[PDB]
file my_file_36.cif (mmCIF, C-alpha atoms and all ligand atoms)
data_model
loop_
_atom_site.label_atom_id
_atom_site.label_comp_id
_atom_site.auth_asym_id
_atom_site.auth_seq_id
_atom_site.Cartn_x
_atom_site.Cartn_y
_atom_site.Cartn_z
CA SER A 16 32.80 4.64 235.52
CA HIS A 17 30.36 1.69 234.97
CA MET A 18 27.28 4.03 234.83
CA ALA A 19 27.38 7.72 233.68
CA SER A 20 26.37 10.55 236.11
CA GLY A 21 24.24 11.74 233.12
CA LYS A 22 24.01 15.50 233.96
CA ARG A 23 25.69 17.14 230.89
CA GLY A 24 23.85 19.18 228.23
CA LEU A 25 24.53 21.20 225.04
CA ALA A 26 23.79 24.97 225.13
CA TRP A 27 23.11 25.02 221.37
CA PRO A 28 22.85 28.41 219.57
CA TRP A 29 20.39 29.32 216.75
CA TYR A 30 23.38 29.73 214.33
CA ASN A 31 24.58 26.06 214.66
CA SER A 32 23.05 24.76 211.32
CA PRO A 33 26.58 23.60 210.21
CA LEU A 34 27.25 21.60 213.45
CA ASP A 35 26.26 18.05 214.58
CA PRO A 36 25.24 17.57 218.27
CA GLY A 37 25.98 13.81 217.81
CA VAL A 38 29.74 14.72 217.71
CA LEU A 39 29.53 15.45 221.52
CA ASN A 40 27.27 12.42 222.33
CA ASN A 41 29.43 9.21 222.27
CA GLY A 42 26.41 7.34 223.81
CA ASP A 43 28.21 6.60 227.16
CA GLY A 44 25.32 8.61 228.71
CA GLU A 45 27.17 11.61 230.28
CA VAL A 46 25.53 13.98 227.69
CA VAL A 47 21.70 13.70 227.86
CA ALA A 48 20.12 17.13 227.06
CA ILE A 49 20.13 20.03 224.54
CA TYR A 50 18.46 23.49 224.63
CA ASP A 51 18.74 26.40 222.14
CA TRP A 52 17.24 29.39 224.13
CA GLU A 53 14.12 29.02 221.86
CA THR A 54 10.90 26.92 221.44
CA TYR A 55 11.87 25.75 217.87
CA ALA A 56 14.05 22.61 217.42
CA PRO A 57 17.88 22.94 217.46
CA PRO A 58 19.19 24.04 214.01
CA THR A 59 21.75 21.27 213.16
CA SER A 60 23.57 19.74 210.13
CA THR A 61 21.38 16.56 210.47
CA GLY A 62 17.89 17.98 211.30
CA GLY A 63 18.17 15.84 214.49
CA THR A 64 19.64 16.29 218.03
CA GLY A 65 22.18 13.40 218.01
CA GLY A 66 20.06 11.32 220.44
CA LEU A 67 19.78 14.19 223.01
CA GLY A 68 16.47 15.19 224.70
CA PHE A 69 15.47 18.73 223.61
CA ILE A 70 14.30 21.17 226.34
CA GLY A 71 12.11 23.97 224.90
CA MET A 72 12.82 27.48 226.28
CA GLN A 73 10.60 30.59 226.41
CA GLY A 74 13.63 32.85 227.10
CA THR A 75 11.78 36.14 226.33
CA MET A 76 8.18 37.12 227.32
CA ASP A 77 7.41 37.07 223.54
CA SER A 78 9.50 37.17 220.31
CA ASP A 79 9.13 36.58 216.54
CA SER A 80 11.33 33.42 216.89
CA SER A 81 9.59 32.15 220.12
CA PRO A 82 6.03 33.59 220.00
CA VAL A 83 4.62 32.91 223.52
CA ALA A 84 1.16 32.27 221.90
CA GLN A 85 2.83 29.16 220.28
CA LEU A 86 4.62 27.91 223.48
CA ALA A 87 1.90 25.29 224.36
CA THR A 88 1.62 24.32 220.63
CA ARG A 89 5.41 23.74 220.24
CA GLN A 90 5.59 21.64 223.46
CA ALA A 91 2.75 19.38 222.13
CA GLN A 92 4.22 19.20 218.57
CA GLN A 93 7.76 18.33 219.85
CA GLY A 94 6.94 16.38 223.08
CA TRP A 95 9.45 18.11 225.43
CA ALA A 96 9.71 16.43 228.88
CA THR A 97 11.09 19.74 230.32
CA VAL A 98 10.70 23.50 229.56
CA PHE A 99 12.91 26.47 230.60
CA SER A 100 11.51 30.01 231.08
CA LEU A 101 12.94 33.60 231.00
CA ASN A 102 16.70 34.16 230.40
CA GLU A 103 18.22 36.45 233.11
CA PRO A 104 15.07 38.57 233.87
CA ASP A 105 16.99 39.78 237.01
CA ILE A 106 19.17 42.07 234.74
CA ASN A 107 16.52 42.72 231.97
CA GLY A 108 14.21 45.16 233.87
CA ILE A 109 11.50 42.51 234.60
CA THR A 110 10.20 42.76 238.23
CA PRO A 111 9.71 39.51 240.21
CA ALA A 112 5.91 40.30 240.21
CA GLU A 113 5.91 40.75 236.37
CA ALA A 114 7.83 37.43 235.95
CA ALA A 115 5.47 35.55 238.37
CA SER A 116 2.30 36.84 236.56
CA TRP A 117 3.79 35.97 233.12
CA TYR A 118 5.00 32.51 234.34
CA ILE A 119 1.51 31.63 235.74
CA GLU A 120 -0.19 32.71 232.45
CA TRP A 121 2.21 31.05 229.94
CA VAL A 122 4.48 28.38 231.58
CA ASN A 123 2.15 26.90 234.31
CA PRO A 124 -0.20 25.39 231.65
CA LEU A 125 2.58 23.09 230.25
CA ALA A 126 1.88 19.81 232.16
CA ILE A 127 5.58 18.75 232.08
CA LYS A 128 8.73 19.51 234.16
CA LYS A 129 9.37 23.29 234.43
CA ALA A 130 12.32 25.51 235.51
CA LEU A 131 11.87 29.01 236.99
CA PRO A 132 13.81 31.70 235.05
CA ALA A 133 17.63 31.42 234.80
CA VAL A 134 19.07 34.16 237.10
CA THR A 135 22.63 35.60 236.99
CA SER A 136 25.23 35.11 239.79
CA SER A 137 24.91 38.86 240.72
CA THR A 138 24.56 39.80 244.44
CA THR A 139 23.96 43.52 243.54
CA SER A 140 20.59 44.84 244.91
CA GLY A 141 17.49 43.14 243.35
CA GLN A 142 19.46 40.69 241.10
CA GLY A 143 20.45 36.98 241.12
CA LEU A 144 19.20 34.72 243.98
CA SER A 145 17.52 37.75 245.74
CA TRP A 146 15.48 38.36 242.53
CA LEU A 147 14.62 34.59 242.40
CA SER A 148 13.54 34.50 246.12
CA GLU A 149 11.32 37.59 245.44
CA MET A 150 9.78 35.93 242.31
CA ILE A 151 8.92 32.76 244.35
CA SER A 152 7.26 35.03 247.01
CA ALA A 153 5.39 36.97 244.23
CA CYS A 154 4.22 33.52 242.89
CA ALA A 155 2.22 33.30 246.20
CA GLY A 156 2.12 29.45 245.96
CA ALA A 157 0.47 29.65 242.47
CA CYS A 158 3.60 28.89 240.31
CA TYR A 159 4.19 25.22 239.31
CA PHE A 160 7.95 24.50 239.01
CA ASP A 161 10.35 21.54 239.50
CA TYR A 162 13.76 23.33 239.17
CA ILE A 163 15.58 26.60 239.83
CA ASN A 164 17.92 27.69 237.02
CA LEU A 165 21.39 29.27 237.56
CA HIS A 166 23.93 31.05 235.35
CA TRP A 167 27.51 31.64 236.53
CA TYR A 168 30.40 33.57 234.94
CA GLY A 169 33.41 34.47 237.12
CA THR A 170 37.18 34.24 237.47
CA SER A 171 37.93 30.97 239.42
CA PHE A 172 36.75 27.41 240.16
CA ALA A 173 36.81 28.44 243.89
CA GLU A 174 34.26 31.24 243.16
CA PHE A 175 32.03 28.83 241.11
CA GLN A 176 32.16 26.05 243.78
CA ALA A 177 31.27 28.63 246.50
CA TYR A 178 28.39 30.00 244.32
CA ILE A 179 26.79 26.53 243.75
CA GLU A 180 27.28 25.51 247.45
CA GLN A 181 25.71 28.85 248.57
CA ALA A 182 22.78 28.46 246.09
CA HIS A 183 22.15 24.96 247.61
CA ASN A 184 22.52 26.29 251.21
CA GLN A 185 20.07 29.20 250.48
CA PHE A 186 17.56 26.99 248.49
CA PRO A 187 18.12 23.59 250.18
CA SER A 188 14.75 22.05 249.01
CA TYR A 189 15.07 22.89 245.25
CA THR A 190 16.73 20.88 242.44
CA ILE A 191 19.19 23.01 240.37
CA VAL A 192 19.77 23.28 236.60
CA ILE A 193 22.94 25.21 235.57
CA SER A 194 21.90 26.34 232.03
CA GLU A 195 25.10 28.42 231.39
CA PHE A 196 28.55 28.56 233.04
CA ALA A 197 32.17 29.40 232.04
CA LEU A 198 35.03 31.67 233.20
CA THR A 199 35.03 35.30 231.98
CA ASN A 200 37.86 36.03 229.45
CA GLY A 201 41.58 35.76 230.39
CA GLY A 202 41.73 32.41 232.27
CA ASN A 203 42.16 28.70 231.37
CA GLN A 204 38.64 27.38 230.54
CA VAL A 205 39.92 23.74 230.13
CA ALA A 206 41.37 23.74 233.72
CA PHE A 207 38.07 25.29 235.01
CA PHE A 208 35.81 22.60 233.41
CA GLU A 209 38.31 19.81 234.43
CA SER A 210 37.62 20.94 238.08
CA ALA A 211 33.89 21.76 237.57
CA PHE A 212 32.69 18.46 235.93
CA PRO A 213 33.73 16.00 238.73
CA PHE A 214 32.45 18.53 241.36
CA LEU A 215 29.00 18.87 239.65
CA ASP A 216 28.77 15.11 238.76
CA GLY A 217 28.84 14.35 242.55
CA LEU A 218 25.98 16.80 243.47
CA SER A 219 22.61 14.93 243.74
CA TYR A 220 20.77 18.33 243.82
CA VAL A 221 22.20 19.32 240.34
CA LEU A 222 19.90 17.74 237.66
CA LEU A 223 21.71 19.14 234.56
CA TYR A 224 24.64 21.44 233.72
CA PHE A 225 25.29 23.10 230.34
CA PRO A 226 28.72 24.67 229.70
CA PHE A 227 28.58 27.94 227.74
CA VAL A 228 28.80 27.16 224.87
CA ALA A 229 28.24 24.23 222.40
CA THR A 230 29.49 26.11 219.25
CA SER A 231 32.78 26.97 217.42
CA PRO A 232 34.90 30.12 217.97
CA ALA A 233 34.16 31.29 214.36
CA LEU A 234 30.35 31.00 214.86
CA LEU A 235 30.49 32.69 218.33
CA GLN A 236 32.63 35.56 216.86
CA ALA A 237 30.24 35.98 213.86
CA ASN A 238 26.94 35.82 215.85
CA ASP A 239 27.66 36.81 219.52
CA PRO A 240 30.37 39.51 219.75
CA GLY A 241 28.94 40.27 223.26
CA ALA A 242 29.82 36.71 224.45
CA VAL A 243 33.34 37.06 222.87
CA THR A 244 34.06 40.34 224.83
CA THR A 245 32.70 38.84 228.15
CA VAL A 246 33.74 35.12 227.95
CA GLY A 247 36.15 34.88 224.97
CA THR A 248 36.15 31.73 222.73
CA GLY A 249 38.02 29.42 225.21
CA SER A 250 34.79 27.66 226.41
CA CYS A 251 33.59 26.73 222.84
CA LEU A 252 32.94 22.92 222.79
CA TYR A 253 33.60 22.71 218.99
CA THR A 254 36.62 23.42 216.76
CA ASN A 255 36.04 25.67 213.70
CA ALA A 256 35.85 22.38 211.63
CA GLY A 257 32.97 21.07 213.84
CA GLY A 258 34.96 18.47 215.85
CA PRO A 259 35.36 18.44 219.66
CA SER A 260 37.67 21.16 221.13
CA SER A 261 39.82 20.41 224.24
CA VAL A 262 36.70 21.53 226.25
CA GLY A 263 34.40 19.40 224.01
CA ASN A 264 36.65 16.38 224.83
CA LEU A 265 35.70 16.81 228.57
CA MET A 266 31.99 16.20 227.67
CA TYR A 267 32.59 12.45 226.87
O1 LIG B 301 17.75 29.73 211.14
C1 LIG B 301 17.64 29.13 212.44
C2 LIG B 301 16.39 29.64 213.14
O2 LIG B 301 16.42 31.07 213.18
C3 LIG B 301 15.37 31.63 213.95
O3 LIG B 301 15.46 33.05 214.09
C4 LIG B 301 16.66 33.49 214.72
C5 LIG B 301 16.42 33.83 216.18
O4 LIG B 301 16.09 32.67 216.94
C6 LIG B 301 17.65 34.49 216.78
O5 LIG B 301 17.38 34.88 218.12
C7 LIG B 301 18.56 35.03 218.91
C8 LIG B 301 18.54 34.02 220.05
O6 LIG B 301 18.44 32.69 219.53
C9 LIG B 301 19.79 34.20 220.89
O7 LIG B 301 19.80 33.16 221.87
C10 LIG B 301 21.00 32.99 222.66
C11 LIG B 301 21.26 34.13 223.64
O8 LIG B 301 20.09 34.36 224.43
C12 LIG B 301 22.45 33.77 224.54
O9 LIG B 301 22.80 34.87 225.37
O10 LIG B 301 23.58 33.49 223.72
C13 LIG B 301 23.39 32.40 222.82
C14 LIG B 301 24.72 32.05 222.14
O11 LIG B 301 25.18 33.13 221.31
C15 LIG B 301 22.28 32.76 221.84
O12 LIG B 301 22.10 31.71 220.90
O13 LIG B 301 19.74 35.50 221.47
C16 LIG B 301 19.78 36.54 220.49
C17 LIG B 301 19.77 37.85 221.25
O14 LIG B 301 20.91 37.91 222.11
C18 LIG B 301 18.62 36.42 219.51
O15 LIG B 301 18.83 37.37 218.47
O16 LIG B 301 17.97 35.66 216.03
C19 LIG B 301 18.33 35.35 214.70
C20 LIG B 301 18.84 36.62 214.03
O17 LIG B 301 17.80 37.60 213.98
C21 LIG B 301 17.14 34.73 213.98
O18 LIG B 301 17.49 34.38 212.64
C22 LIG B 301 14.03 31.30 213.31
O19 LIG B 301 12.95 31.85 214.08
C23 LIG B 301 13.89 29.79 213.18
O20 LIG B 301 12.68 29.48 212.49
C24 LIG B 301 15.09 29.19 212.46
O21 LIG B 301 15.00 27.76 212.46
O1 LIG B 302 6.00 21.64 237.57
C1 LIG B 302 5.31 20.87 238.57
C2 LIG B 302 4.52 19.75 237.91
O2 LIG B 302 3.55 20.39 237.06
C3 LIG B 302 2.65 19.43 236.54
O3 LIG B 302 1.61 20.08 235.79
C4 LIG B 302 0.75 20.86 236.63
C5 LIG B 302 -0.52 20.07 236.93
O4 LIG B 302 -0.23 18.93 237.76
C6 LIG B 302 -1.54 20.95 237.65
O5 LIG B 302 -2.74 20.21 237.85
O6 LIG B 302 -1.81 22.10 236.84
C7 LIG B 302 -0.66 22.92 236.69
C8 LIG B 302 -1.08 24.25 236.06
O7 LIG B 302 -1.86 23.96 234.91
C9 LIG B 302 0.42 22.16 235.91
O8 LIG B 302 1.62 22.93 235.81
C10 LIG B 302 3.38 18.47 235.62
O9 LIG B 302 2.45 17.53 235.07
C11 LIG B 302 4.50 17.76 236.36
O10 LIG B 302 5.27 17.04 235.40
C12 LIG B 302 5.38 18.77 237.10
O11 LIG B 302 6.30 18.03 237.94
CL CL B 303 26.20 35.05 235.89
#

call {"tool": "encode", "arguments": {"input": "my_file_36.cif", "output": "structure tokens", "more": "lines below"}}
Ligand SMILES: OC[C@H]1O[C@@H](O[C@@H]2[C@@H](O)[C@H](O[C@@H]3[C@@H](O)[C@H](O[C@@H]4[C@@H](O)[C@H](O)O[C@H](CO)[C@H]4O)O[C@H](CO)[C@H]3O)O[C@H](CO)[C@H]2O)[C@H](O)[C@@H](O)[C@@H]1O
Ligand SMILES: OC[C@H]1O[C@@H](O[C@@H]2[C@@H](O)[C@H](O)O[C@H](CO)[C@H]2O)[C@H](O)[C@@H](O)[C@@H]1O
Ligand SMILES: [Cl-]
result
Amino acid sequence: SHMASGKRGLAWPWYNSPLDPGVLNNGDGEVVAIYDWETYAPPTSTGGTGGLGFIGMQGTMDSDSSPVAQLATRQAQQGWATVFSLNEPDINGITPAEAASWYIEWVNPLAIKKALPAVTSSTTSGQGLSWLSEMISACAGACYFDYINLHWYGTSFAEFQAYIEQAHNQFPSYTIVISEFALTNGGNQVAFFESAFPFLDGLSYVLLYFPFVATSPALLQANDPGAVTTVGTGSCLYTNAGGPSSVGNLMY
């Protein structure tokens, strides 16, 4: 490669104060972005983001850590070029109408690039892409957005490839961010990402992809037992020492 695809990002948890995002940015230009599911700056060992562009995220309608009253303030203080909105409202008992009304009130005013809420890969009634389609209808032309936002967790590369191709086929005029993806527990995460990266790097309609998750197994175990039961620790980009894992090595 003589010029990086430049689509890769760090999904950077709140508990990463010991870790350095610069470890996974060798400056070739494949890794360009970082988000932390919050509107405060990534907690890191350096106080910086290792040259990566931070994307603010209002992942809840309001929280002590991301007060929605401070969303506009934090964008202006930090100078984000992009903002992400609600995390998986399609499985958190938020109706498409509720999400549209909230998005217009709180996210619309940010005069930067904006992603609609990250939805799960569920096809069960009223979830996933069906939920997203219903939110865009509920928006009634009044939502300002640049990107749709996908999560995927499943059991094969074949399932993931089919999911992204179907998302593109069903929303052929929208640019896609993949803010979280990995296998569920019991597979080979390295083999999955070895297949996924070249596939995604070739898709002009994918702006950014963020493997779950840019942390160490020890920090994931300590702070997200839910992720460990669902995903396991095989998709952690860091070693327990804070170096690149075998999956981290794929980010370069
Ligand atoms: O000391 C660092 C900063 O701590 C800030 O307060 C944190 C608060 O932000 C934290 O909220 C977490 C979310 O951050 C967490 O986000 C991700 C999940 O949505 C996703 O599913 O998984 C990833 C990876 O594990 C998560 O990072 O989601 C959980 C709920 O699932 C929230 O609890 O909670 C911390 C513990 O209470 C809290 O200390 C503080 O506001 C900052 O000022 C400070 O810099
Ligand atoms: O997300 C679409 C685009 O939103 C733009 O900001 C919007 C303004 O142009 C418009 O006049 O007002 C709405 C609501 O206040 C804003 O969201 C951004 O400036 C663009 O970067 C973005 O592509
Ligand atoms: Cl999912």

call {"tool": "closest_atom_pairs", "arguments": {"input": "my_file_36.cif", "of": "chain A", "to": "ligand LIG 302 (chain B)", "cutoff": "8 Å", "atoms": "all atoms listed in the file", "output": "tab-separated table"}}
result
residue	atom	partner	partner_atom	distance
A:96	CA	B:LIG302	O10	7.9
A:119	CA	B:LIG302	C8	7.8
A:122	CA	B:LIG302	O8	7.5
A:123	CA	B:LIG302	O8	4.3
A:124	CA	B:LIG302	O7	3.9
A:125	CA	B:LIG302	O8	5.6
A:126	CA	B:LIG302	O3	3.7
A:127	CA	B:LIG302	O10	3.7
A:128	CA	B:LIG302	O10	4.4
A:129	CA	B:LIG302	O1	4.9
A:130	CA	B:LIG302	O1	7.7
A:158	CA	B:LIG302	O8	7.7
A:159	CA	B:LIG302	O1	4.4
A:160	CA	B:LIG302	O1	3.7
A:161	CA	B:LIG302	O1	4.8

call {"tool": "residues_around", "arguments": {"input": "my_file_36.cif", "residues": "range 228-237 of chain A", "least_positions_apart": "3", "cutoff": "9 Å", "atoms": "all atoms listed in the file", "output": "PDB file with C-alpha atoms, in the frame of the given file"}}
result
ATOM      1  CA  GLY A  24      23.850  19.180 228.230  1.00  0.00           C
ATOM      2  CA  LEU A  25      24.530  21.200 225.040  1.00  0.00           C
ATOM      3  CA  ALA A  26      23.790  24.970 225.130  1.00  0.00           C
ATOM      4  CA  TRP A  27      23.110  25.020 221.370  1.00  0.00           C
ATOM      5  CA  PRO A  28      22.850  28.410 219.570  1.00  0.00           C
ATOM      6  CA  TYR A  30      23.380  29.730 214.330  1.00  0.00           C
ATOM      7  CA  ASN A  31      24.580  26.060 214.660  1.00  0.00           C
ATOM      8  CA  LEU A  34      27.250  21.600 213.450  1.00  0.00           C
ATOM      9  CA  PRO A  36      25.240  17.570 218.270  1.00  0.00           C
ATOM     10  CA  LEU A  39      29.530  15.450 221.520  1.00  0.00           C
ATOM     11  CA  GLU A 195      25.100  28.420 231.390  1.00  0.00           C
ATOM     12  CA  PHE A 196      28.550  28.560 233.040  1.00  0.00           C
ATOM     13  CA  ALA A 197      32.170  29.400 232.040  1.00  0.00           C
ATOM     14  CA  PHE A 225      25.290  23.100 230.340  1.00  0.00           C
ATOM     15  CA  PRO A 240      30.370  39.510 219.750  1.00  0.00           C
ATOM     16  CA  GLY A 241      28.940  40.270 223.260  1.00  0.00           C
ATOM     17  CA  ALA A 242      29.820  36.710 224.450  1.00  0.00           C
ATOM     18  CA  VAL A 243      33.340  37.060 222.870  1.00  0.00           C
ATOM     19  CA  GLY A 247      36.150  34.880 224.970  1.00  0.00           C
ATOM     20  CA  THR A 248      36.150  31.730 222.730  1.00  0.00           C
ATOM     21  CA  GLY A 249      38.020  29.420 225.210  1.00  0.00           C
ATOM     22  CA  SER A 250      34.790  27.660 226.410  1.00  0.00           C
ATOM     23  CA  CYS A 251      33.590  26.730 222.840  1.00  0.00           C
ATOM     24  CA  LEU A 252      32.940  22.920 222.790  1.00  0.00           C
ATOM     25  CA  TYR A 253      33.600  22.710 218.990  1.00  0.00           C
ATOM     26  CA  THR A 254      36.620  23.420 216.760  1.00  0.00           C
ATOM     27  CA  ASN A 255      36.040  25.670 213.700  1.00  0.00           C
ATOM     28  CA  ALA A 256      35.850  22.380 211.630  1.00  0.00           C
ATOM     29  CA  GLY A 257      32.970  21.070 213.840  1.00  0.00           C
ATOM     30  CA  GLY A 258      34.960  18.470 215.850  1.00  0.00           C
ATOM     31  CA  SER A 260      37.670  21.160 221.130  1.00  0.00           C
ATOM     32  CA  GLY A 263      34.400  19.400 224.010  1.00  0.00           C
TER      33      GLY A 263
END

call {"tool": "residues_around", "arguments": {"input": "my_file_36.cif", "residues": "range 54-65 of chain A", "least_positions_apart": "2", "cutoff": "9 Å", "atoms": "only C-alpha atoms", "output": "PyMOL selection string"}}
result
chain A and resi 27-40+49-52+67-74+80-83+85-86+89-90+93+98

call {"tool": "closest_residue", "arguments": {"input": "my_file_36.cif", "among": "A:165, A:244, A:179, A:111", "to": "ligand CL 303 (chain B)", "atoms": "all atoms listed in the file"}}
result
A:165

call {"tool": "atom_distance", "arguments": {"input": "my_file_36.cif", "atom1": "atom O3 of ligand LIG 301 (chain B)", "atom2": "CA of residue 66 in chain A"}}
result
23.1 Å

call {"tool": "residues_near_ligand", "arguments": {"input": "my_file_36.cif", "ligand": "ligand CL 303 (chain B)", "cutoff": "9 Å", "atoms": "only C-alpha atoms and all ligand atoms", "output": "list in words"}}
result
residues 103, 134, 135, 136, 137, 143, 165, 166, 167, 168, 169, 195 and 196 of chain A

call {"tool": "closest_residue", "arguments": {"input": "my_file_36.cif", "among": "A:215, A:206, A:87, A:222", "to": "residue 261 in chain A", "atoms": "only C-alpha atoms"}}
result
A:206

call {"tool": "closest_residue", "arguments": {"input": "my_file_36.cif", "among": "A:18, A:191, A:147, A:223", "to": "residue 44 in chain A", "atoms": "only C-alpha atoms"}}
result
A:18

call {"tool": "axis_aligned_box", "arguments": {"input": "my_file_36.cif", "around": "range 249-261 of chain A", "padding_each_side": "4 Å", "output": "lines of an AutoDock Vina configuration file"}}
result
center_x = 36.4
center_y = 23.9
center_z = 219.0
size_x = 14.9
size_y = 19.0
size_z = 22.8
